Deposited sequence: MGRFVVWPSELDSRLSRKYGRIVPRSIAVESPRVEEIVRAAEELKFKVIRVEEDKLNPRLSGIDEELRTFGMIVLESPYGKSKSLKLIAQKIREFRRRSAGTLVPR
């Protein structure tokens, strides 16, 4: 259905109390809004709206939200998005370790 994606929800750097929803091993480090949008697009989700606000200032320096429509539930959608981002980054780096 339609739901919002907040980068913290799939960020492996974070604890669950602080917002991570996705299992630790599936989550990716510092998911960027642009990465989430591209992942959603590759998964053929419909991107409704993207908001990104960067303000000169700590943890509130960056704000980002993506409104998506997916054929799947939010939890499954988030897992697929996280996996797609990992795949993206690996493709670009072309290497496993630094």
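Absence of C-alpha coordinates is noted for several segments of the deposited sequence, namely 1, 59-64, 106.
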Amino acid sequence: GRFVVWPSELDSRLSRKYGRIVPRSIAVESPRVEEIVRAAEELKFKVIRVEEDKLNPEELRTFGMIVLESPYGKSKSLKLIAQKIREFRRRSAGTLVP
From here on, numbers count along this sequence of modelled residues.
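A summary of the deposited B-factors shows that, of 31-39 and 67-75, the stretch with the larger mean C-alpha value is 67-75.
Looking at mean Cα B-factors across 43-51 and 58-66, the upper value is held by 58-66.
Ranked against the other modelled residues of its chain, the C-alpha B-factor of residue 83 as given in the entry falls in the lowest third. Placement of the Cα temperature factor of residue 12 within the chain: middle third of the modelled residues, per the deposited record.
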